[PDB]
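Presented below, as structure tokens, is a lone chain in the form deposited in one PDB entry.
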């Protein structure tokens, strides 16, 4: 019951028993909380409650110190002191934003805005509260019990009456019951056991409810600027491949942390792995939130870094398959490739955090907690997709509120900008350069003359809330017969249910915009499906069209984004 004040540090006995995290609040700060919020339960060694038998007054504003104990106005002795007076709550050693964070339900963008404009101590209170709220919300969904098993990859589900049914995307990972984790895709649902098992009738699935550990470390260790490359030892024999990155590699060494904004295809992986070659004796930990992101950095390491000095860290509760050409779970290899969730307690000369738009402030804190490093490098792009906010239903989360790194990148700019797209036909580079990159992104490739747009609103049907547009798929089917080179195309849409239908009708491989991020394909076919804020999100749109190396066909619903595409228009 003795801790530091989660605003001003001042030690106290006082936590808030109304906050769902139970933060330590100093007397001066615990007052400003309880007199401005529905939050009236103060905890100490024992709860500030009325000690009078049978009395249920718990509100600190209605309570007095009666010698040693606490009483309401109905029970206090003559010589009694109000617990709340003179801007303070009585305690040992004797904030608007804190109040908003403490009380918000996290369904409003403004909640996320505040949690990124506040002080650093509040960003950690914010991130813990939010994750706690996210996890305790999970308990409010209905159970899914197997009616009938059709095949090895399809089944029929019976749902609990009285409680809502959650959306069946890959995002929402269920646990079967302890028969391992399972995901679904929509009267025929596709079932994918992360662990293989001849699915039983009667068996049930419930959502992975994980306990929110406290945070300790800041999102961002305080900045240090050095006059000289600190704690790292450079070569004077650096492969010409990486000669472009050398001045930025020296910036990495002359600062505590650094931020790299690389638009799609500008050589982020190449910069990350090139940093190892420039500082060849430096121990580097390569981390990102997703397995795919860490598996990209592993592929790029395989090509340039000695395979004997590389480990892929795999958590024993292994969900999806990942990189297999490194030594698995050797914490002490010079090069360690690990998702945030799975990072060991260790130290490093450099930490590289990739796909930083996908990072939460919680993730930015856990990294600073598990890795003590001389230098932190934050790589990604705030013009790309953030981590989904399952509670956020009102307002759009701007890039400058994704996390502390994106906030820095969007205010003071990034330390380093990769300014040349080497992946995309110039039509795509010119479009996204203007849309999200303030015309700073340059094309290396020529116009492909294989980038097409078609304005076709079609007809929008919903599988619950996931959108489908059969006519936009039909137009794609017509196009494919006349453009057989596109038969190898990846189909991409903002909606699982659209992808589900496009899979059956077109037979192309299928990807949501959000799962496409980090990947590249020669040809892409994008159907926008709807004109919602989801499908018109400039960040989603940027990722969608920058997956293509050669060609893209965009069937558009939105005039604005359609007109902005510097592509050749088609007809029909």
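Here, rigid core means the biggest group of C-alpha atoms that superpose within 1.5 Å across both forms. Residue numbers count along the first chain shown, from 1.
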Of the other PDB entries compared that resolve residues on either side of residue 318, does at least a third omit it?
yes
As recorded in the PDB entry, how many deposited residues are without coordinates between residue 94 and residue 95: none, 1 to 3, 4 to 9, or 10 or more?
4 to 9
None, 1 to 3, 4 to 9, or 10 or more: how many residues of the deposited sequence lack coordinates between residue 81 and residue 82?
none
Averaging the C-alpha B factors as listed in the entry, name the stretch that ends up higher: 274 to 282 or 439 to 447.
274 to 282
Looking only at CA atoms, which has the higher mean B factor in the entry: 487 to 495 or 288 to 296?
288 to 296
Sort 352, 238, 356, 127 by C-alpha B-factor from the entry and give me just the highest.
238
From 31, 521, 541, 70, residue of greatest CA B-factor:
31
Could you tell me which third, lowest, middle or highest, the C-alpha B-factor of residue 533 occupies within its chain?
lowest
Grab the CA temperature factor for residue 422 from the record and place it in the lowest, middle or highest third of its chain.
lowest
Residue 214 - Cα temperature factor, lowest/middle/highest third of chain
middle
Third of the chain's Cα B-factor distribution that residue 248 belongs to, per the entry:
middle
Would you check the entry's CA temperature factor for residue 472 and let me know if it's in the chain's lowest, middle or highest third?
lowest
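We do not show the form deposited in another entry, though everything after this point is about it.
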Go through 520, 59, 514, 531 and flag the only one whose CA is off by 2 Å or more between the shown form and the other one, rigid core held fixed.
59
